[PDB]
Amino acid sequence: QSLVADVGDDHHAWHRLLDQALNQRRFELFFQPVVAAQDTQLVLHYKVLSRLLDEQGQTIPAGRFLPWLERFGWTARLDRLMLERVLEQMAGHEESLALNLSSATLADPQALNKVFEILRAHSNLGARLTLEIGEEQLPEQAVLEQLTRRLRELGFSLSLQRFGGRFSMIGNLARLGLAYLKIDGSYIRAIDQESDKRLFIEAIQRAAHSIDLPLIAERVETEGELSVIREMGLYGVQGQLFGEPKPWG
């Protein structure tokens, strides 16, 4: 009596699938450890990744659904849901967490306010949660500035990720008080085996260091990459080398 069809690239299927998941809270929290380059047994925080566990049992990665949530203008609904779930699960432990915010939320000032209202409701978790924005969807300088101020006021921290293409604006970061900067994986990929990549990394680390901004390398896959990242003095690392995204533990 129960049939299933392949959803593929069908906008109808996706629309139905996602509106339902949003309404029914079908999204679950996955985590990846973010860890000190100098001593990988030392955990900085756990990055929270969104997982859709559909009715047929399969888990769907944020990389897969986020573009559809965008297309339908629901990314703000996702953040509201993700943020409330994360603030709830943090009651159970003492670890620090990082969670993305999309531009849809930052642009829409009502949504953005709702976020702050929620945060204000859990000022006791402030020190344990960092919000991240991917370089792809940075708002304007003045929005960055107001966002960081409000968060610092509420007791929470802010960070950027997938950083690198916009090194231009490194100077513009000097007063934001970011917790850290996550460097896109492409700039460290196979860097033990591609030394020409090092000079850029050396430049970012030195400039970021002069403004007190720790660097954390993304998507580290290899003991080789890790050894270079560590050698060159970066603060943190994350990636498949420390495991796949998994549920809490």
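Numbering starts at 1 and runs along the sequence shown.
The stretch with the higher mean CA B factor, choosing between 67-75 and 159-167, is 67-75.
Relative to one another, 92-100 and 116-124 have unequal mean CA B-factors, and 116-124 is the one with the higher figure. Considering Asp54, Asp184, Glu202, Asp192 together, the PDB entry gives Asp54 the largest C-alpha B factor. Annotation for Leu215: C-alpha temperature factor in the lowest third relative to the rest of the modelled chain, per the entry. In the PDB entry, a CA B factor belonging to the lowest third of its chain's modelled residues is recorded for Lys47. Ranked by C-alpha B-factor against the other modelled residues of its chain, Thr59 falls in the highest third. For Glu28, the recorded CA B-factor ranks within the highest third of the chain. Only modelled residues enter the ranking. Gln141: CA B factor lies in the middle third for its chain, per the PDB record.
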